[PDB]
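Chemist: Take this structure first; my questions come after.
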Amino acid sequence: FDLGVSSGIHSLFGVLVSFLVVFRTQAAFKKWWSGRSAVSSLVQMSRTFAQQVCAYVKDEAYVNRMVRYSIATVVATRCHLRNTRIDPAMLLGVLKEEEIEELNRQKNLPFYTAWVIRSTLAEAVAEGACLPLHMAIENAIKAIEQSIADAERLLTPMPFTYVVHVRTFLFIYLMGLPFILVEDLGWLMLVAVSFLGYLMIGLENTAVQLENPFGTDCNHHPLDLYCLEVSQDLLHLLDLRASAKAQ
Amino acid sequence: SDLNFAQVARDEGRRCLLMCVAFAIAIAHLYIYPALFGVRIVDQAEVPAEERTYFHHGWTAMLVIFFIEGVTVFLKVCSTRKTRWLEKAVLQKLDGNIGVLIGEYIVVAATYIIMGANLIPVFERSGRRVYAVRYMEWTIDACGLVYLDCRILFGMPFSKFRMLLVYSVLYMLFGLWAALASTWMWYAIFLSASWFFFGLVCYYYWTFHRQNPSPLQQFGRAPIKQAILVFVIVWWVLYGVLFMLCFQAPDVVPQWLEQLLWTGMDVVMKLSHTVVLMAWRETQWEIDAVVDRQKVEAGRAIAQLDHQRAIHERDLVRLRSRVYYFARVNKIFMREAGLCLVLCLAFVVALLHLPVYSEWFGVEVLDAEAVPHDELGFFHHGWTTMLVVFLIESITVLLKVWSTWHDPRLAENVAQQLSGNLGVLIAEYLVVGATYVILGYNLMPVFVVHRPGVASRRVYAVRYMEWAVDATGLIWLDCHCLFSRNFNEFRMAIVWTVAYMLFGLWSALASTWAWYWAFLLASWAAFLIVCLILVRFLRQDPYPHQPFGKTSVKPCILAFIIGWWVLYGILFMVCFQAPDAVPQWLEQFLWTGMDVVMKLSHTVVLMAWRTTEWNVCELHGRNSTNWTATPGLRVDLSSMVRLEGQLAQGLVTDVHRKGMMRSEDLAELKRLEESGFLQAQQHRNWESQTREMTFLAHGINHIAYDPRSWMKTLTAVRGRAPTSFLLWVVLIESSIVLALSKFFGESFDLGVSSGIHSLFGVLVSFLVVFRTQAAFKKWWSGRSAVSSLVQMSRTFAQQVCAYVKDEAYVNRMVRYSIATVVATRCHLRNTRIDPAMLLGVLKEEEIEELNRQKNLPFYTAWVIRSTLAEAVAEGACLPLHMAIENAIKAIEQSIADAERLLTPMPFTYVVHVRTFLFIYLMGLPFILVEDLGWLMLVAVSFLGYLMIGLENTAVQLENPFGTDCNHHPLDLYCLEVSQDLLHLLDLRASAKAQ
Ligand SMILES: *C/C=C(C)/C=C/C=C(C)/C=C/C1=C(C)CCCC1(C)C
């Protein structure tokens, strides 16, 4: 055989590809975390908006409109990241039907819900139904959309070049390992190459998974529970207000 | 039509498996019974050896057709798996014949193989040696044949099949029992019953003919379905005659004639059968008409969609922007007729001019019967196989024409199909056959070589000439029919291929390696440049989707071809360098097998290509998760198709569309494209179509990819990083070091050292990966900036349209916000604005006043602010104005970040890195060559590529804003924004009118 193993072709490639493959993973964990943060911030802003409205406003027909369409905004963004439309079953006791059919007739939903909210708040301010605390409300609305936009950034894939390079040289290293390992072993060379290949390739695919946090896979974020939480809280808030108003 | 894909494959499998099990068990049971039971004397298994060669020949010549079909149908099914209805069509065209044909070929080949193994000479009159398995495989073959014939011609699944099948098997087994025993002993008992059952099945055939005597709709005035039945039955008659005459007459020699007749007969019979079948199959049926009818409707519906959107847009833009604000046939034959003669004459010229220049001025001129025993047995195979293929193609064409003889209009179609391609195949086949015939029994000299080291290397003459000529054919074909090109661009490849083949020959003649390497290197060079030209031809293909229907079969073809070709060269090397490696007979066997396989594959691919719509004109012809970067941009079908039209094929992709389109519209389009490609042009124009075109034409160039796929990342070429002049320097250095270490022998004294190597390695590695992790971050920051800018613009517009009551200020503001975005996309690239991007949003004079400035976003913001002040003074604005001002402030921050991202990293940090990398690389060989040779070279090449590509990749990612394909797609964001705001104006207007 005359293997003539060489340290340069083996050790150097090893250290390089190892650096690369672990860095490409530490870079995806961060995106995962940033998505978590975005979601939490969105939820919190929604709740503050609802409280502000139900306290610093005195009418009752504007309040419903606003709160319910905020809920709709959340449910809409959970369906803008997955390129779908809405299932009425998720908006049963919060909206009337015609409103839902008018929603699904649009192209960008959160846009629409925010436009609605804003026109409604303007109506309110004109009729002196709102205390001087309105700028806070506007600012809350502004801060929701930032969260949305971050969540939307998180859908881009890493650039082509940086991935092609990594993958091809990994493939090379693996296809070259045996010719240098078989000199001193037999079947052990085989089992070792199997295990090592699994390690590396699994690292890469794990990074792929973590890259986009929003999806159906089991390691992704549970969007469907946050919506439920929000619905519960706001619909209880309406009743708190109503009771405290009747006395 | 309710078929599927799984059911058909399941049926094919089960049928062929029943065939195989029956065929094997019959022979096994006969073997078991004939030894101990009955009067069955078993001749010696060994003798003779001279008869097994014939059966081997038959074996090959049979395997060929299997391969042909098993490849063609695979091509078809894999080339149109993306369209339901073409799948329906093909799966209909092969209801149940495939499994049975495959089983037939498998069993016959297995039996003619077993003949070599010499399992049992059960032969027991005198002599007239016979073999048993022939009878079992004949049972199976005839039974499958009759099932096929009845099913196709009459459609009787279970009624006639059973009786005729049992008859066949019964009288075949009777004939077996009969011939196994002596003639006088047991002829009457069985052979008479055999003849009688033959007559019975003949009567059944005649009755079923009288029942349904209709011609095959595939054919026309052809006598088909009658000529073939007559031929088959008279052939069975001749077979029975031979059976009766073999044992009776001693005059007919049973040693060789006997052994040959059955092989010939079985082969020719099965071949006529399968060729008639393929001919009946390749004809166009009504299903194609159904599909074309489905297809045209799609273009119609598309034009309807376009008109509807046109009317809608017209009304909308009016509302918002108005109120509140026989010759051809004979020539198609004659061209091919001419080409064939050119090829023949060239081959004759070669064969005539070769030996007068060799062995008259050449050493080792004579080899007397180079090796009589081994070689001829290898060569007698090739010309036989090629003869087979020849006959197949010829009769197929003859049948096609015979079926399209009466109808003139149909004849011109096929005539045009066969143009430019048929002339090459016959020439290739016949020349290969003739050359390998010459080699079989040598009329031509053999030259040996004498050189230092070893001299037993044998060499053959003609093999090379044909190769060259041969190759050219392929070239002139594989670069013309596949990639539609004229002749002016083929010249170089032809001029260079013969060249490097001649150089390979001249080299091979002289293994002295004093001047051997010259022609070898020149040949490698010409071959390489040919490959480069070829891959360029491919990558500049105008019609890459046609005809194989949007698949990756063509590049794979090219890859297979090139790998084959370089395998030839590495074998050449392995042989002539180390003759101890090669036993020199295996070498000729391999050469022959490869020459066969290449042409087999080439012809099957051209066969499958001939029968596609692009040739046969109907409706057209020859004249989970969301990966994306634009989650807010959604497009409409009309624009997608208008775009795919206004561009060249192969620039848009599946994922390009999956990212810039909704899900429902995409599913609808997919359903609508089941029939074909859907290329069409409505030729409708508007004010918005221009804008959308101007943006998309620029935006598409950037790449979109699915990370989950591993192929399109490795095999990818386009988005890769460029390299520098350094690699060449390093290869130069290494090559001289190697040649010089060998010439200088051992006195190198490398004295490798761990400090100079390992330390430098770790340091430079750290540095180079850090310099890349530092650029990825800038890329990401730019993405963030862009998103924030877009979001702020939209919030500003909403705030304005809600918290303001006038209508002339609103327009001004919104439109100039759009202008601000389009301006910053042109401040990062140091250009000015193209009016086509601001058509329906601004008046001309405003644009000319813009382009007259130096810093544009400055100007737009100034405008906006003065306008908002005007508004506030006149009490036209609610108390919510500070929010508006703050939004304006927040836009500019985003802009400034994007502008930071144009600075380059500092000089010092880059100079240091680069120079020490260069050093490390230039030093590697002197320490590596001690333990290796050429391997040192290849390793340094690869490692250099890794490192230098890393650096250049970092360079690319450093500035994210540019034209390169890995950069950010600014032109789509602008489009998105325009759409949203111009819809917002209309929302407001409507809600104001009620
Ligand atoms: C039908 C057979 C064909 C087209 C075979 C062609 C053979 C070649 C293109 C091989 C060329 C070689 C080189 C790459 C250089 C060294 C010598 C050869 C012949 C092996």
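Here's how to read the names in the structure tokens: chain A, B, ... by the order shown, residue numbers from 1 in each chain, ligand numbers from 1 in the order shown.
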Residues at most 12 Å from residue B:706, counting only C-alpha atoms, excluding those fewer than 6 positions away in the same chain, as a list in words?
Modeler: residues 155, 156, 157, 158, 159, 160, 163, 208 and 212 of chain A; 625, 626, 627, 628, 653, 654, 655, 656, 658, 659, 712 and 713 of chain B
Chemist: Stretch 827-835 of chain B: which residues within 8 Å, counting only C-alpha atoms, same-chain residues fewer than 3 positions away excluded, as a CSV table (one decimal) with C-alpha atoms, in the first residue's frame?
Modeler:
```csv
chain,number,residue,atom,x,y,z
B,823,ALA,CA,-32.2,57.6,-3.2
B,824,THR,CA,-30.3,55.8,-0.4
B,838,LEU,CA,-40.1,56.9,-10.3
B,839,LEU,CA,-42.7,56.9,-13.0
B,844,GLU,CA,-40.6,64.9,-14.1
B,847,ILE,CA,-36.8,64.2,-10.7
B,851,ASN,CA,-30.5,64.6,-9.8
B,855,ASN,CA,-26.7,64.4,-1.3
B,856,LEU,CA,-30.2,63.2,-2.0
B,899,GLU,CA,-23.0,54.1,5.3
B,961,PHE,CA,-23.9,46.5,-0.8
B,962,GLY,CA,-22.9,45.8,-4.4
```
Chemist: Calculated over only C-alpha atoms, which of the candidates A:166, A:210, A:234, A:218 has the smallest distance to residue A:63?
Modeler: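 Answer, going by the shortest atom-to-atom distance: A:234.
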Chemist: Dump the neighbourhood of ligand 1 as a compact mmCIF listing (two decimals) with C-alpha atoms, in the first residue's frame: all residues within 6 Å, distances computed on only C-alpha atoms and all ligand atoms.
Modeler:
```txt
# COMPACT_ATOMS: atom_id res chain seq x y z
CA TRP B 467 -11.14 6.14 -31.45
CA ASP B 470 -15.22 7.82 -33.25
CA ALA B 471 -14.82 10.57 -30.67
CA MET B 501 -5.16 10.94 -29.73
CA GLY B 504 -1.10 9.49 -27.12
CA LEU B 520 1.55 12.67 -23.21
CA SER B 523 -2.36 15.28 -25.18
CA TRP B 524 -3.48 16.02 -21.63
CA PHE B 527 -7.99 17.14 -23.84
CA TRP B 565 -12.61 9.81 -20.63
CA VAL B 566 -10.12 10.48 -17.83
CA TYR B 568 -8.98 5.96 -20.04
CA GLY B 569 -5.92 8.12 -19.42
CA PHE B 572 -2.96 4.24 -19.93
CA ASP B 595 -15.47 1.09 -26.00
```
Chemist: Between B:207, B:795, B:990, B:194, which one has atoms that come closest to chain A, using only C-alpha atoms?
Modeler: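 Smallest separation from chain A among the options: B:795.
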Chemist: Taking only stretch 355-393 of chain B into account, list the residues labelled helix (DSSP H, G or I) by DSSP (computed from the backbone), as a ChimeraX atom specification.
Modeler: /B:355-357,375-379,382-393
Chemist: Return as JSON lines the residues of chain B lying at most 7 Å from chain A, together with the closest atom-to-atom pair for each and the distance in Å to one decimal, counting only C-alpha atoms, with rows in chain order and ascending residue number.
Modeler:
```
{"residue": "B:624", "atom": "CA", "partner": "A:216", "partner_atom": "CA", "distance": 6.4}
{"residue": "B:625", "atom": "CA", "partner": "A:215", "partner_atom": "CA", "distance": 5.2}
{"residue": "B:626", "atom": "CA", "partner": "A:82", "partner_atom": "CA", "distance": 5.8}
{"residue": "B:627", "atom": "CA", "partner": "A:155", "partner_atom": "CA", "distance": 5.7}
{"residue": "B:628", "atom": "CA", "partner": "A:156", "partner_atom": "CA", "distance": 5.4}
{"residue": "B:629", "atom": "CA", "partner": "A:156", "partner_atom": "CA", "distance": 5.0}
{"residue": "B:631", "atom": "CA", "partner": "A:152", "partner_atom": "CA", "distance": 6.8}
{"residue": "B:632", "atom": "CA", "partner": "A:108", "partner_atom": "CA", "distance": 6.8}
{"residue": "B:662", "atom": "CA", "partner": "A:83", "partner_atom": "CA", "distance": 6.4}
{"residue": "B:663", "atom": "CA", "partner": "A:83", "partner_atom": "CA", "distance": 6.3}
{"residue": "B:707", "atom": "CA", "partner": "A:208", "partner_atom": "CA", "distance": 6.9}
{"residue": "B:713", "atom": "CA", "partner": "A:164", "partner_atom": "CA", "distance": 5.2}
{"residue": "B:714", "atom": "CA", "partner": "A:168", "partner_atom": "CA", "distance": 5.5}
{"residue": "B:719", "atom": "CA", "partner": "A:161", "partner_atom": "CA", "distance": 6.2}
{"residue": "B:720", "atom": "CA", "partner": "A:161", "partner_atom": "CA", "distance": 5.4}
{"residue": "B:721", "atom": "CA", "partner": "A:161", "partner_atom": "CA", "distance": 6.5}
{"residue": "B:765", "atom": "CA", "partner": "A:16", "partner_atom": "CA", "distance": 6.6}
{"residue": "B:787", "atom": "CA", "partner": "A:149", "partner_atom": "CA", "distance": 6.5}
{"residue": "B:791", "atom": "CA", "partner": "A:149", "partner_atom": "CA", "distance": 7.0}
{"residue": "B:798", "atom": "CA", "partner": "A:115", "partner_atom": "CA", "distance": 6.5}
{"residue": "B:802", "atom": "CA", "partner": "A:119", "partner_atom": "CA", "distance": 5.5}
{"residue": "B:803", "atom": "CA", "partner": "A:122", "partner_atom": "CA", "distance": 6.4}
{"residue": "B:880", "atom": "CA", "partner": "A:135", "partner_atom": "CA", "distance": 6.7}
{"residue": "B:931", "atom": "CA", "partner": "A:4", "partner_atom": "CA", "distance": 6.7}
{"residue": "B:932", "atom": "CA", "partner": "A:4", "partner_atom": "CA", "distance": 7.0}
{"residue": "B:939", "atom": "CA", "partner": "A:9", "partner_atom": "CA", "distance": 6.4}
{"residue": "B:953", "atom": "CA", "partner": "A:161", "partner_atom": "CA", "distance": 6.6}
{"residue": "B:966", "atom": "CA", "partner": "A:159", "partner_atom": "CA", "distance": 6.3}
```
Chemist: Restricting it to N, CA and C atoms, dump the selection as a PDB file, in the first residue's frame.
Modeler:
```pdb
ATOM      1  N   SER B 624     -43.790  23.240   5.592  1.00  0.00           N
ATOM      2  CA  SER B 624     -42.436  22.993   6.071  1.00  0.00           C
ATOM      3  C   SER B 624     -41.886  24.223   6.792  1.00  0.00           C
ATOM      4  N   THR B 625     -40.970  24.941   6.141  1.00  0.00           N
ATOM      5  CA  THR B 625     -40.387  26.151   6.695  1.00  0.00           C
ATOM      6  C   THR B 625     -40.247  27.176   5.581  1.00  0.00           C
ATOM      7  N   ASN B 626     -40.055  28.430   5.977  1.00  0.00           N
ATOM      8  CA  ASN B 626     -40.024  29.560   5.053  1.00  0.00           C
ATOM      9  C   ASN B 626     -38.623  30.160   5.064  1.00  0.00           C
ATOM     10  N   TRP B 627     -37.823  29.797   4.070  1.00  0.00           N
ATOM     11  CA  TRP B 627     -36.516  30.393   3.848  1.00  0.00           C
ATOM     12  C   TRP B 627     -36.664  31.499   2.814  1.00  0.00           C
ATOM     13  N   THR B 628     -36.275  32.716   3.177  1.00  0.00           N
ATOM     14  CA  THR B 628     -36.368  33.837   2.252  1.00  0.00           C
ATOM     15  C   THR B 628     -35.704  35.055   2.872  1.00  0.00           C
ATOM     16  N   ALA B 629     -35.558  36.093   2.052  1.00  0.00           N
ATOM     17  CA  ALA B 629     -35.038  37.378   2.482  1.00  0.00           C
ATOM     18  C   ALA B 629     -36.028  38.512   2.277  1.00  0.00           C
ATOM     19  N   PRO B 631     -39.735  38.658   3.146  1.00  0.00           N
ATOM     20  CA  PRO B 631     -40.990  38.099   3.667  1.00  0.00           C
ATOM     21  C   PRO B 631     -42.199  38.999   3.504  1.00  0.00           C
ATOM     22  N   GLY B 632     -42.032  40.227   3.030  1.00  0.00           N
ATOM     23  CA  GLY B 632     -43.156  41.122   2.862  1.00  0.00           C
ATOM     24  C   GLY B 632     -43.526  41.313   1.409  1.00  0.00           C
ATOM     25  N   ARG B 662     -46.849  33.963  -2.610  1.00  0.00           N
ATOM     26  CA  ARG B 662     -47.676  33.336  -1.598  1.00  0.00           C
ATOM     27  C   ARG B 662     -47.702  31.824  -1.803  1.00  0.00           C
ATOM     28  N   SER B 663     -48.391  31.138  -0.892  1.00  0.00           N
ATOM     29  CA  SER B 663     -48.491  29.686  -0.982  1.00  0.00           C
ATOM     30  C   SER B 663     -49.621  29.265  -1.911  1.00  0.00           C
ATOM     31  N   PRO B 707     -30.905  25.559   2.308  1.00  0.00           N
ATOM     32  CA  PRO B 707     -29.747  24.998   3.018  1.00  0.00           C
ATOM     33  C   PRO B 707     -29.803  23.496   3.203  1.00  0.00           C
ATOM     34  N   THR B 713     -24.728  22.672  -2.963  1.00  0.00           N
ATOM     35  CA  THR B 713     -23.664  23.407  -2.296  1.00  0.00           C
ATOM     36  C   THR B 713     -22.283  22.952  -2.734  1.00  0.00           C
ATOM     37  N   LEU B 714     -22.079  21.642  -2.853  1.00  0.00           N
ATOM     38  CA  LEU B 714     -20.787  21.116  -3.272  1.00  0.00           C
ATOM     39  C   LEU B 714     -20.558  21.350  -4.757  1.00  0.00           C
ATOM     40  N   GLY B 719     -21.486  30.790  -7.297  1.00  0.00           N
ATOM     41  CA  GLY B 719     -21.334  31.692  -6.168  1.00  0.00           C
ATOM     42  C   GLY B 719     -20.016  31.524  -5.437  1.00  0.00           C
ATOM     43  N   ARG B 720     -19.175  30.607  -5.901  1.00  0.00           N
ATOM     44  CA  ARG B 720     -17.917  30.349  -5.222  1.00  0.00           C
ATOM     45  C   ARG B 720     -17.030  31.585  -5.242  1.00  0.00           C
ATOM     46  N   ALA B 721     -15.938  31.509  -4.496  1.00  0.00           N
ATOM     47  CA  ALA B 721     -15.043  32.645  -4.382  1.00  0.00           C
ATOM     48  C   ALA B 721     -13.947  32.561  -5.439  1.00  0.00           C
ATOM     49  N   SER B 765      -3.883  30.081  11.224  1.00  0.00           N
ATOM     50  CA  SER B 765      -5.243  29.560  11.228  1.00  0.00           C
ATOM     51  C   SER B 765      -6.152  30.404  12.114  1.00  0.00           C
ATOM     52  N   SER B 787     -33.717  46.413   7.261  1.00  0.00           N
ATOM     53  CA  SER B 787     -35.041  46.105   7.793  1.00  0.00           C
ATOM     54  C   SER B 787     -35.595  47.270   8.602  1.00  0.00           C
ATOM     55  N   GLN B 791     -39.139  49.458   7.973  1.00  0.00           N
ATOM     56  CA  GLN B 791     -40.182  49.528   8.988  1.00  0.00           C
ATOM     57  C   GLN B 791     -40.493  50.972   9.376  1.00  0.00           C
ATOM     58  N   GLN B 798     -48.118  55.593   7.752  1.00  0.00           N
ATOM     59  CA  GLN B 798     -49.378  55.381   8.461  1.00  0.00           C
ATOM     60  C   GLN B 798     -49.704  56.559   9.369  1.00  0.00           C
ATOM     61  N   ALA B 802     -53.071  59.024   8.960  1.00  0.00           N
ATOM     62  CA  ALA B 802     -54.111  58.978   9.978  1.00  0.00           C
ATOM     63  C   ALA B 802     -54.240  60.273  10.768  1.00  0.00           C
ATOM     64  N   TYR B 803     -53.127  60.844  11.218  1.00  0.00           N
ATOM     65  CA  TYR B 803     -53.144  62.007  12.088  1.00  0.00           C
ATOM     66  C   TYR B 803     -53.095  63.324  11.327  1.00  0.00           C
ATOM     67  N   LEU B 880     -50.306  64.841  17.761  1.00  0.00           N
ATOM     68  CA  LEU B 880     -49.439  63.673  17.673  1.00  0.00           C
ATOM     69  C   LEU B 880     -48.220  63.898  16.780  1.00  0.00           C
ATOM     70  N   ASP B 931       8.845  12.905   2.612  1.00  0.00           N
ATOM     71  CA  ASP B 931       8.127  11.646   2.758  1.00  0.00           C
ATOM     72  C   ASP B 931       7.156  11.362   1.623  1.00  0.00           C
ATOM     73  N   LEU B 932       6.963  12.292   0.691  1.00  0.00           N
ATOM     74  CA  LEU B 932       6.003  12.101  -0.385  1.00  0.00           C
ATOM     75  C   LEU B 932       6.546  12.673  -1.682  1.00  0.00           C
ATOM     76  N   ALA B 939      -1.654  18.092  -2.138  1.00  0.00           N
ATOM     77  CA  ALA B 939      -2.038  18.587  -0.823  1.00  0.00           C
ATOM     78  C   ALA B 939      -1.807  20.085  -0.707  1.00  0.00           C
ATOM     79  N   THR B 953     -13.302  35.288   0.421  1.00  0.00           N
ATOM     80  CA  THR B 953     -14.669  35.247   0.919  1.00  0.00           C
ATOM     81  C   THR B 953     -14.909  36.348   1.938  1.00  0.00           C
ATOM     82  N   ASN B 966     -23.614  37.436  -3.800  1.00  0.00           N
ATOM     83  CA  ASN B 966     -23.763  37.182  -2.375  1.00  0.00           C
ATOM     84  C   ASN B 966     -24.173  38.422  -1.598  1.00  0.00           C
TER      85      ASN B 966
END
```
Chemist: DSSP on the backbone: which residues in stretch 364-611 of chain B end up as strand (DSSP E or B)? Give the answer as a ChimeraX atom specification.
Modeler: /B:447-448,458-459
Chemist: Those selected residues, please, written with N, CA, C and O atoms and delivered as a PDB file, in the first residue's frame.
Modeler:
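The result, stored in again-v5.pdb:
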```
ATOM      1  N   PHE B 447       2.586  -4.156 -33.133  1.00  0.00           N
ATOM      2  CA  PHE B 447       3.855  -3.541 -32.769  1.00  0.00           C
ATOM      3  C   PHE B 447       4.086  -3.704 -31.273  1.00  0.00           C
ATOM      4  O   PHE B 447       3.185  -3.440 -30.470  1.00  0.00           O
ATOM      5  N   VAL B 448       5.288  -4.142 -30.908  1.00  0.00           N
ATOM      6  CA  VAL B 448       5.700  -4.206 -29.514  1.00  0.00           C
ATOM      7  C   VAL B 448       6.657  -3.050 -29.245  1.00  0.00           C
ATOM      8  O   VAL B 448       7.125  -2.374 -30.163  1.00  0.00           O
ATOM      9  N   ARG B 458       2.836  -4.998 -24.946  1.00  0.00           N
ATOM     10  CA  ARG B 458       2.270  -5.149 -26.276  1.00  0.00           C
ATOM     11  C   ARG B 458       1.422  -3.933 -26.619  1.00  0.00           C
ATOM     12  O   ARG B 458       0.895  -3.250 -25.736  1.00  0.00           O
ATOM     13  N   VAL B 459       1.297  -3.662 -27.914  1.00  0.00           N
ATOM     14  CA  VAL B 459       0.609  -2.472 -28.399  1.00  0.00           C
ATOM     15  C   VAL B 459      -0.107  -2.810 -29.698  1.00  0.00           C
ATOM     16  O   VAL B 459       0.407  -3.571 -30.525  1.00  0.00           O
TER      17      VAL B 459
END
```
Chemist: Restricting the calculation to only C-alpha atoms, which member of B:120, B:888, B:940, B:761 is positioned closest to residue B:32?
Modeler: B:120
Chemist: Pick out the residues sitting within 10 Å of stretch 614-616 of chain B, and hand them over as a list in words; count only C-alpha atoms, and ignore anything fewer than 4 positions along from it in its own chain.
Modeler: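 Skipping anything fewer than 4 positions along the chain leaves residues 284, 413, 414, 416, 417, 418, 546, 547, 548, 609, 610, 620, 621, 622 and 623 of chain B.
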Chemist: So that I have them on file, write out the residues from the current selection with N, CA and C atoms, as an mmCIF file, in the first residue's frame.
Modeler:
```
data_model
loop_
_atom_site.group_PDB
_atom_site.id
_atom_site.type_symbol
_atom_site.label_atom_id
_atom_site.label_comp_id
_atom_site.auth_asym_id
_atom_site.auth_seq_id
_atom_site.Cartn_x
_atom_site.Cartn_y
_atom_site.Cartn_z
ATOM 1 N N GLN B 284 -47.119 8.135 -31.330
ATOM 2 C CA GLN B 284 -47.964 9.054 -30.581
ATOM 3 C C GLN B 284 -49.394 8.532 -30.512
ATOM 4 N N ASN B 413 -42.688 14.702 -40.384
ATOM 5 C CA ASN B 413 -42.352 14.811 -38.970
ATOM 6 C C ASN B 413 -41.166 13.916 -38.627
ATOM 7 N N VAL B 414 -41.341 12.605 -38.793
ATOM 8 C CA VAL B 414 -40.265 11.669 -38.487
ATOM 9 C C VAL B 414 -39.022 12.001 -39.304
ATOM 10 N N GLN B 416 -37.891 14.825 -40.264
ATOM 11 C CA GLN B 416 -37.176 15.903 -39.598
ATOM 12 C C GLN B 416 -36.589 15.446 -38.269
ATOM 13 N N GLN B 417 -37.225 14.474 -37.612
ATOM 14 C CA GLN B 417 -36.700 13.985 -36.341
ATOM 15 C C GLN B 417 -35.328 13.347 -36.524
ATOM 16 N N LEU B 418 -35.168 12.544 -37.573
ATOM 17 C CA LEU B 418 -33.958 11.759 -37.773
ATOM 18 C C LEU B 418 -32.808 12.560 -38.369
ATOM 19 N N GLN B 546 -35.426 22.612 -21.684
ATOM 20 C CA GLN B 546 -35.788 21.721 -22.772
ATOM 21 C C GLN B 546 -34.650 20.734 -23.026
ATOM 22 N N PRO B 547 -34.959 19.465 -23.334
ATOM 23 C CA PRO B 547 -36.261 18.803 -23.417
ATOM 24 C C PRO B 547 -36.581 17.944 -22.199
ATOM 25 N N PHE B 548 -35.591 17.739 -21.334
ATOM 26 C CA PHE B 548 -35.726 16.789 -20.238
ATOM 27 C C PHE B 548 -36.514 17.368 -19.069
ATOM 28 N N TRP B 609 -33.894 11.016 -26.101
ATOM 29 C CA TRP B 609 -34.044 12.425 -26.446
ATOM 30 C C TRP B 609 -34.866 12.611 -27.714
ATOM 31 N N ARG B 610 -34.806 11.651 -28.637
ATOM 32 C CA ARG B 610 -35.477 11.822 -29.921
ATOM 33 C C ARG B 610 -36.990 11.928 -29.778
ATOM 34 N N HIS B 620 -46.081 23.230 -29.122
ATOM 35 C CA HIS B 620 -44.803 23.931 -29.120
ATOM 36 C C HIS B 620 -43.746 23.069 -29.797
ATOM 37 N N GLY B 621 -42.555 23.621 -30.014
ATOM 38 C CA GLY B 621 -41.456 22.832 -30.534
ATOM 39 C C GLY B 621 -40.396 23.642 -31.246
ATOM 40 N N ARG B 622 -39.515 22.956 -31.971
ATOM 41 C CA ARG B 622 -38.482 23.637 -32.738
ATOM 42 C C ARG B 622 -39.115 24.563 -33.770
ATOM 43 N N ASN B 623 -38.610 25.790 -33.836
ATOM 44 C CA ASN B 623 -39.142 26.784 -34.759
ATOM 45 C C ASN B 623 -38.692 26.492 -36.187
#
```
Chemist: May I have the residues within 12 Å of residue B:540 as a list in words, using only C-alpha atoms and disregarding those fewer than 2 positions away in the same chain?
Modeler: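 Surrounding residues, per the criterion: residues 479, 483, 484, 485, 533, 534, 535, 536, 537, 538, 542, 543, 544, 648, 649, 650 and 651 of chain B.
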Chemist: For atom CA of residue B:738 and atom CA of residue B:934, determine how far apart the two atoms are, in Å to one decimal place.
Modeler: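 Taking atom CA of residue B:738 as the start and atom CA of residue B:934 as the end point, the length is 7.6 Å.
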Chemist: Of the residues A:226, A:69, A:56, A:187, which is the one nearest to residue A:129, using only C-alpha atoms?
Modeler: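 Closest to residue A:129, using only C-alpha atoms: A:56.
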